[PDB]
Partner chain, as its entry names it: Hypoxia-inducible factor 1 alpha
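What follows is a single chain, given as structure tokens, in the form solved without the partner chain.
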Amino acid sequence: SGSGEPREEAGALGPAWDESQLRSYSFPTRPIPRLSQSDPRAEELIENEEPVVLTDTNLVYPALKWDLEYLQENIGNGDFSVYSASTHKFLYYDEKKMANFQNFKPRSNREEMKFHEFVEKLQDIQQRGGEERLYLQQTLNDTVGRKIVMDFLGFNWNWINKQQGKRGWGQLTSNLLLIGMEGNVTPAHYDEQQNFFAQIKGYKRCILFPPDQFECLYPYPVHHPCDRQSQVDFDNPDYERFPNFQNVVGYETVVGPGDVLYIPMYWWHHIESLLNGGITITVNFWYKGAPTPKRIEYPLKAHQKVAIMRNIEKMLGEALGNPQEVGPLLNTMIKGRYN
């Protein structure tokens, strides 16, 4: 199944999307549940750190009127990070780690520009039917214009603050605004914080994998610039290098305006703006996970084993004085001894 039958928009406006707008992949999926925020099952899913789509939170209700016109006239004159790409895949590159791998070629290039400059490129590209793609990813702070501040104040802080308290999460670390073009793909990766993914404009297909599928998704080394992302090309998986990708099973859903997807900490997510669906707008909310208990029940959670692996890789990097010696030492430790 996976995404399921497309939903019918109110007023008999027809289906919001069709299967032809979803890309084709090699793995099966099951659907993420779409529930009401008042449904106790949704409460149980979040508490158990499983994904759920909430349909009626009103989390970003005032932002549902947002489009390029409204934002350009009200966002203000500030710098917005804009990422470029020659293809549909926007692989992230941590610039601080580029020193560790010298012969690493970045595929996407970040650019700072005012918002009207961002709209111009989209208009310019659209005019000449170019194959270039863009993706705006900028934090929203107090600098933005007055009208956008009013909208932000109109978010449902009552609800999201309640969730913060119920789950004992830490503080809201950041709120990121995402504006992308149709067809854009953010490849599979995991984050170390709890995420509420608030869709505003357009539709996004979200494919999630639990932390226990670490073995099938082959993240980059911790010291690599692409740390936390899968090495597997979902469009052309190299089964000789990544054989357990043939065993991957995902959770998917299509989110539209007004939906909020809970992406639990350490869960992989692969996100694409539907083909031929126009631009997409999203706001993300990240919260630090709850602290680790004093006494651990044992039979450790998958995310706890991922955290251990990350720490091993980090400690060796420092202890050996060079991140490039991590791989050779780990292989020495394993070959003919644990494998």
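Positions refer to the first chain, counted from 1.
There is also a form solved in complex with the partner chain; it is not shown, and the following applies to it.
> Checking a candidate spot here: are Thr87, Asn103 and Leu134 all in contact with the partner chain in the deposited bound form (at least one heavy atom each within 4.5 Å)?
Contact check failed for every one of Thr87, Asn103 and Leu134.
> Can you pick the one in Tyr266, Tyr203, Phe234, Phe196 that has a heavy atom within 4.5 Å of the partner chain in the deposited bound form?
That would be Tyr266.
> Of the residues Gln304, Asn48, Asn276, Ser36, which one places a heavy atom within 4.5 Å of the partner chain in the deposited bound form?
Exactly one listed residue reaches within 4.5 Å, namely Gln304.
> Would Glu182 sit within 4.5 Å of the partner chain in the deposited bound form, counting heavy atoms only?
Output for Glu182 is no: heavy atoms all beyond 4.5 Å of the partner chain.
> Quick one: does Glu111 come within 4.5 Å of the partner chain in the deposited bound form, counting heavy atoms only?
Close contact is absent here: in the deposited bound form, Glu111 is far from the partner chain, nothing within 4.5 Å, heavy atoms only.
> Could you run down 48-72 and flag each residue that has a heavy atom within 4.5 Å of the partner chain in the deposited bound form?
The stretch does not touch the partner at all.
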